[PDB]
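Colleague: Right, I'll just put the structure down here and ask away after.
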Amino acid sequence: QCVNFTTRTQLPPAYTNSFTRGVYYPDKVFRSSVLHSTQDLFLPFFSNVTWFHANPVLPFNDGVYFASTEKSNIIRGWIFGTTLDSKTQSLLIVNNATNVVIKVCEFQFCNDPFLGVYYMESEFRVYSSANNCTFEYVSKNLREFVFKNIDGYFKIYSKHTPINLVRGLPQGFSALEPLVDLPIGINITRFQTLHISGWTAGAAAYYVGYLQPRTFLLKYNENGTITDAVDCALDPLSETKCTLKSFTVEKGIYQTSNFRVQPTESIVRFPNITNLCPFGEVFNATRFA
Amino acid sequence: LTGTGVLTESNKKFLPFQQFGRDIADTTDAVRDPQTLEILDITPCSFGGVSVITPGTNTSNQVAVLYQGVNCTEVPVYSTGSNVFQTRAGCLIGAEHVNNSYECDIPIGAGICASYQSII
Amino acid sequence: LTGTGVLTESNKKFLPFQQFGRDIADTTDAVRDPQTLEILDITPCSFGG
Amino acid sequence: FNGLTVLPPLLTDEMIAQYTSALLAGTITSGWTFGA
Amino acid sequence: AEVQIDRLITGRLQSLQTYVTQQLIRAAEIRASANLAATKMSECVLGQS
Amino acid sequence: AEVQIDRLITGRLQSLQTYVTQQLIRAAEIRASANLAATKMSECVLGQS
Amino acid sequence: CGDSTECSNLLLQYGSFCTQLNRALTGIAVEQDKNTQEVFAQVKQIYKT
Ligand SMILES: *[C@@H]1O[C@H](CO)[C@@H](O[C@@H]2O[C@H](CO)[C@@H](O)[C@H](O)[C@H]2NC(C)=O)[C@H](O)[C@H]1NC(C)=O
Ligand SMILES: *[C@@H]1O[C@H](CO)[C@@H](O[C@@H]2O[C@H](CO)[C@@H](O)[C@H](O)[C@H]2NC(C)=O)[C@H](O)[C@H]1NC(C)=O
Ligand SMILES: *[C@@H]1O[C@H](CO)[C@@H](O[C@@H]2O[C@H](CO)[C@@H](O)[C@H](O)[C@H]2NC(C)=O)[C@H](O)[C@H]1NC(C)=O
Ligand SMILES: *[C@@H]1O[C@H](CO)[C@@H](O[C@@H]2O[C@H](CO)[C@@H](O)[C@H](O)[C@H]2NC(C)=O)[C@H](O)[C@H]1NC(C)=O
Ligand SMILES: *[C@@H]1O[C@H](CO)[C@@H](O[C@@H]2O[C@H](CO)[C@@H](O)[C@H](O)[C@H]2NC(C)=O)[C@H](O)[C@H]1NC(C)=O
Ligand SMILES: *[C@@H]1O[C@H](CO)[C@@H](O)[C@H](O)[C@H]1NC(C)=O
Ligand SMILES: *[C@@H]1O[C@H](CO)[C@@H](O)[C@H](O)[C@H]1NC(C)=O
Ligand SMILES: *[C@@H]1O[C@H](CO)[C@@H](O)[C@H](O)[C@H]1NC(C)=O
Ligand SMILES: *[C@@H]1O[C@H](CO)[C@@H](O)[C@H](O)[C@H]1NC(C)=O
Ligand SMILES: *[C@@H]1O[C@H](CO)[C@@H](O)[C@H](O)[C@H]1NC(C)=O
Ligand SMILES: *[C@@H]1O[C@H](CO)[C@@H](O)[C@H](O)[C@H]1NC(C)=O
């Protein structure tokens, strides 16, 4: 139950420094006043984010740091999958006052999928067809999220933080806690955000990012809450902190690593050509027998 | 004769029947090309450790990078940084030479050492 | 969490999502019982020459 | 070289020669009093 | 091929460890000699023994 | 399981042997330092050097 | 390993053997520099005849 639309709200992607956001608890083990050096898929420090403002389709790749700013519970829906149709199993997430709503199966998404709100709200017309499936699950302000999918496990972390500055991302640190886990795996390649309500919304600023494998250095406090993190492969200073496993470094000289000049091309040779076979007489004989 | 390195111009002499020389412990050191019958030589392309000279995390957060025992011709994020300097110890990137004389704070090597004022 | 030792009472506080703590070199030092959800402790029973 | 490297000494031979020359001139002119 | 590389790694690790140990022993000997030389410099050069 | 445990035993034996050797070297150096300290105590404290 | 990927992966699971080797060699080098400095730098100024 959906139609097309006219006002293509296409806006160019602005850019802004990512700063030091996107740190989550990797393991559910308690630790106290230690610096456990770990490597994992993170959001590298000091990148820039594909800021958006109809809503485009984006690739999944490894992961996504889908942050979002909002006032009074704006963003609701999420669509994930490979082909985003009834041919391949798709995934749908709806967040609301309670924790999480999850449906996992093939749907029929049109060019204008939106949940719709009625003004006491009751409307559901994102797709049209739902053939069969098994798993469903039930349970000013910046709402940070993370969407990982590793070895048949889908993981969602979260955090909520009040903000006061209008535009830029905060210059602060806040770790992410594990919220939802699913023992289901699909080769997801794309995802899309859902639109709320014809629709009338242009001020929906949701940032996007990407995760890469690298190594960090987390610091746990006495209560086991991550309060600091140091990237390793960023600059010739953080490498010293990584290799010393300390946050303060004394005056001196420390050996970090070593480099090697890499090969460029190949010049494979062979002995100079000599002693051509006498095929000229055979192929240009006066008379064949 | 598989191998990696750089092929400069050699000035040795082969008797008319050899094909390639070597020096000690079975390491190739010269090859005569199979086509023009001239002798080149092989030198493996350089490697080496790196080191970081920092004046103290509390005092500052800018560092100088030392590439040990490497010619300052093919160094390459600190590809340029500050004024690149060459010394017997290696290529020093991020500090500028000073033609005065002080005491020694952080022994660098080969008769030179650095300190904090920038980094000299 | 297979392991041997003596189980005592502790005062360490776990955030609502951890299960078991550790101190250093991957050595379990605490555990939360999966039924009453309290912070126990672990110490291997003594040895010596 | 096969991954093994030799690092230069911190003091060059010229500076060592300078140390020895200073020591020897001091003991020629001052005696032992310059050690205290 | 993995097993063959295991053999090579074990042999080369053994050789490297032996080399390091010999280096340590000879370094201890050289340090003893250097201490003796420092004592001789402090006692015979800077004064009459 | 015999082969796997043999690999574990060999690795741990190698590590333990290296640790013991390092301990022996450090003990020798410390003993040299202790002899020097005893000499200093017996020569400067108990008389004018 | 000598510029290979499989060898690096195989050696990775052998624990941390390289770190203490480099530590020992670095200690040796620092000891050499200390030896030379303490043997020769017995004076403060630089005299001239
Ligand atoms: C229900 O839909 C699912 C999704 O297409 C179908 O289940 C697939 O069945 C094939 C054949 O056994 C498996 O290889 C796939 O892994 C299954 N996928 C999923 C997501 O279950 C199934 O055929 C459909 N019908 C029924 C009755 O289950
Ligand atoms: C770690 O959590 C504990 C558990 O509450 C905190 O302990 C008390 O917390 C209250 C609440 O702020 C304080 O009024 C008490 O003074 C705390 N007592 C002690 C002995 O700490 C503790 O404050 C937390 N640690 C940090 C750094 O916030
Ligand atoms: C391979 O051998 C051929 C024939 O012996 C060489 O060809 C001659 O090379 C000389 C030197 O450059 C020239 O002056 C002649 O004009 C060439 N003649 C012919 C028919 O090619 C050839 O040079 C050798 N290969 C190389 C790389 O030198
Ligand atoms: C670093 O490499 C350059 C060349 O890549 C060396 O410069 C050469 O020096 C020799 C001898 O002085 C000259 O015959 C060449 O003509 C120079 N080549 C160039 C391109 O300038 C330089 O000497 C090397 N550095 C060191 C310390 O050896
Ligand atoms: C675990 O199941 C048992 C089954 O009764 C309950 O545990 C305790 O039950 C007694 C009643 O016999 C209560 O007085 C206690 O308060 C219960 N303890 C706790 C920690 O709840 C209870 O239903 C279950 N406990 C849970 C889920 O925490
Ligand atoms: C980051 O910023 C640079 C320059 O500001 C810009 O050219 C680039 O498109 C931005 N995004 C990425 C992913 O580099
Ligand atoms: C939120 O979703 C949950 C799960 O579907 C549901 O039980 C709850 O009533 C919903 N609340 C609101 C306010 O929509
Ligand atoms: C993911 O791709 C692999 C390719 O080998 C395939 O075997 C698997 O069934 C795919 N899984 C899904 C959920 O499409
Ligand atoms: C045979 O002669 C023709 C005529 O010139 C020529 O094109 C061809 O290359 C010759 N082939 C051989 C094998 O001699
Ligand atoms: C560290 O640096 C700060 C500022 O330069 C200085 O105030 C402080 O005394 C320093 N600490 C030490 C231990 O040198
Ligand atoms: C090096 O010494 C020369 C004198 O020959 C002087 O002109 C130059 O300024 C000195 N270099 C620096 C960086 O001061």
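These residue numbers are counts, starting from 1, taken along the chain as shown.
Structure determined by electron microscopy, 3.1 Å.
Any Cβ shown, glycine's included, is placed from N, Cα and C.
In case it's useful when we look at the structure, here is the feature table from Swiss-Prot:
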DISULFID  A:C2-A:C110  disulfide bond
CARBOHYD  A:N4  N-linked glycosylation site
CARBOHYD  A:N48  N-linked glycosylation site
CARBOHYD  A:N96  N-linked glycosylation site
DISULFID  A:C105-A:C133  disulfide bond
CARBOHYD  A:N132  N-linked glycosylation site
CARBOHYD  A:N187  N-linked glycosylation site
REGION    A:221-242  region 'Putative superantigen'
CARBOHYD  A:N223  N-linked glycosylation site
DISULFID  A:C232-A:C242  disulfide bond
REGION    A:260-276  region 'Disordered'
CARBOHYD  A:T264  O-linked glycosylation site
CARBOHYD  A:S266  O-linked glycosylation site
CARBOHYD  A:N272  N-linked glycosylation site
CARBOHYD  A:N284  N-linked glycosylation site
Colleague: Round to a whole number and give the Cα-to-Cα distance in Å for the pair A:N284 (N-linked glycosylation site) and A:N187 (N-linked glycosylation site).
Modeller: 63
Colleague: In sequence order, what residues of the same chain, 6+ apart, have a Cβ less than 8 Å from the Cβ of A:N4 (N-linked glycosylation site)?
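Modeller: Listed in sequence order: A:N111, A:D112.
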Colleague: Out of the recorded positions A:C2, A:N48, A:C232, A:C242, A:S266, give me the one sitting nearest to A:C105 (disulfide bond) by CA distance.
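Modeller: Of the recorded positions A:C2, A:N48, A:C232, A:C242, A:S266, A:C2 has its Cα closest to that of A:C105 (disulfide bond).
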Colleague: Quick one: of the recorded positions A:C110, A:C133, A:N187, A:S266, which has its CA closest to the CA of A:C232 (disulfide bond)?
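Modeller: For A:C232 (disulfide bond), the closest Cα among A:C110, A:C133, A:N187, A:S266 is found at A:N187.
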Colleague: Just to confirm: which same-chain residues, 6+ apart in sequence, have a Cβ under 8 Å from the Cβ of A:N187 (N-linked glycosylation site)?
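Modeller: Set apart from A:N187 (N-linked glycosylation site) by at least 6 residues yet with Cβ under 8 Å, we have A:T82.
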Colleague: Sequence gap of 6 or more, C-beta under 8 Å: which same-chain residues meet both conditions with respect to A:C110 (disulfide bond)?
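Modeller: Looking at Cβ-Cβ distances below 8 Å from A:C110 (disulfide bond), excluding near sequence neighbours, one finds A:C2, A:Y127, A:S128.
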Colleague: Which residues, given as numbers and ranges, are at least 6 beyond the ends of the region 'Putative superantigen' (A:221-242) yet have a Cβ under 8 Å from it?
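Modeller: Hits for the region 'Putative superantigen' (A:221-242): 20, 23, 25, 30-33, 37, 42, 44-46, 173, 175, 214-215, 249, 254, 256-257.
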Colleague: When a 10 Å sphere is centred on the Cβ of A:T264 (O-linked glycosylation site), how many other Cβ atoms does it contain?
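Modeller: A count of 7.
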Colleague: Relative to the Cβ of A:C133 (disulfide bond), which residues of the same chain, six or more apart in sequence, are found under 8 Å away?
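Modeller: Long-range Cβ contacts: A:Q89, A:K103, A:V104, A:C105, A:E106.
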Colleague: When you rank A:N48, A:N132, A:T264 by Cα distance to A:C242 (disulfide bond), which of the glycosylation sites ends up on top as the closest?
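Modeller: Answer for the nearest of the glycosylation sites: A:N48.
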Colleague: Would you list the DSSP helix, strand and coil counts for the residues of the region 'Putative superantigen' (A:221-242)?
Modeller: 5 helix, 4 strand, 13 coil
Colleague: Looking only at C-alpha atoms, tell me how far A:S266 (O-linked glycosylation site) is from A:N272 (N-linked glycosylation site), rounded to the nearest Å.
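Modeller: Rounded to a whole number, the Cα-Cα distance is 18 Å.
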Colleague: If we check Cα distances from A:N223 (N-linked glycosylation site), which of the glycosylation sites A:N48, A:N96, A:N132, A:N272 wins as closest?
Modeller: A:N96
Colleague: According to DSSP, which of helix, strand or coil covers A:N132 (N-linked glycosylation site)?
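Modeller: A:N132 (N-linked glycosylation site) sits in coil per DSSP, no helix or strand.
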Colleague: To the nearest whole angstrom, what is the C-alpha distance linking A:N132 (N-linked glycosylation site) and A:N96 (N-linked glycosylation site)?
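Modeller: Taking the Cα atoms only, A:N132 (N-linked glycosylation site) lies 25 Å from A:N96 (N-linked glycosylation site).
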Colleague: Checking A:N48, A:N223, A:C232, A:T264, A:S266, A:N272 - which of these recorded positions have a CB within less than 8 A of a chain B CB?
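Modeller: Contact set vs B: A:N272.
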Colleague: How long is the line from the C-alpha of A:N96 (N-linked glycosylation site) to the C-alpha of A:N48 (N-linked glycosylation site), rounded to the nearest angstrom?
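Modeller: Cα of A:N96 (N-linked glycosylation site) to Cα of A:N48 (N-linked glycosylation site) measures 29 Å after rounding.
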